[PDB]
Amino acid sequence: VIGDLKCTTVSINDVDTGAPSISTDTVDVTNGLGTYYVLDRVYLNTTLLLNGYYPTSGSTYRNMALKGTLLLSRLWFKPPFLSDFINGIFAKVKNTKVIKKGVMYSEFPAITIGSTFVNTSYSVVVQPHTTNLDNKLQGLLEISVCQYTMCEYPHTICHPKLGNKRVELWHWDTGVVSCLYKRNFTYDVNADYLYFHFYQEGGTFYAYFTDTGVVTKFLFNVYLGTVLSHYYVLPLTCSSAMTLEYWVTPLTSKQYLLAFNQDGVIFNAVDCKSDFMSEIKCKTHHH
């Protein structure tokens, strides 16, 4: 279970469907993938050695995405799906596109990051929303940090047009919920992949995002005064069959070599300590 409130009793079983699959491709940071722009700092036509919360080049991704229709397993809401959140995570999220009657729909999983997922604690929720306005799909990423009464089996649903056997049910709060942060961010419904950095430092949670390149940009930060310990990528239920991807690899404090072009755009990155060839590159001066 995620939270400790039973929100549903309909079509819940104890079926084992397998563990999260591992990508055949490892973490590759060469083009800037896995890095983010430095907050309030513009570097132009230069190379920079700096410390941040980065993935490790050569390491693996796990596909944490879960998709069902009606039947949901209790095991989907336990480890290894419910996972540890230490320093942070880097995410490569597939924007699954589905076309029905001339309308393209955008679908990908929501994620929650918290400790106990009980309303005596704050939980981070990053959830997509879509609507069709004048035959053109609009997309929003809703990010909130609230004392949610999270459900035991939290899940989202697809756009109503694609068909649903279940209702959206990931928390249950009929009163006023205390939130430290909440707002909507736009996302490109036509993007192939969305990239995220989520990390914590000195009691402060940070979020970075992009869907227009491979280098993420600062969205927001919030002071919690506590340490987050777990993350969970929520199942998405839909009557339409589709394949979802939410690739996750951990972040740790690492020294990277970043290359910025004349416009201040990151075009190259080296994970200095990932192997000896990278160590050579970083030892050869550059800041």
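Residues carry their position along the shown sequence, with the first being 1.
- Relative to its counterpart among 252 to 260 and 36 to 44, 36 to 44 has the higher mean temperature factor, C-alpha atoms as listed in the PDB entry.
- When 110 to 118 is weighed against 158 to 166, 158 to 166 comes out higher, by mean CA B-factor as recorded in the entry.
- Comparing the listed residues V124, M104, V93, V215, the entry records the largest Cα B-factor for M104.
- As recorded in the PDB entry, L133 shows the highest C-alpha B-factor of the residues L133, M150, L72, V145.
- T30: CA B factor in the lowest third of modelled residues in this chain (values from the PDB entry).
- When the modelled residues of the chain are ordered by C-alpha B-factor, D16 sits in the highest third.
- When all modelled residues of the chain are sorted by CA temperature factor, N184 is found within the lowest third.
- When the modelled residues of the chain are ordered by their C-alpha B factor, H171 lands in the middle third.
- Looking at the C-alpha B-factors along this chain, the one for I89 belongs to the lowest third.
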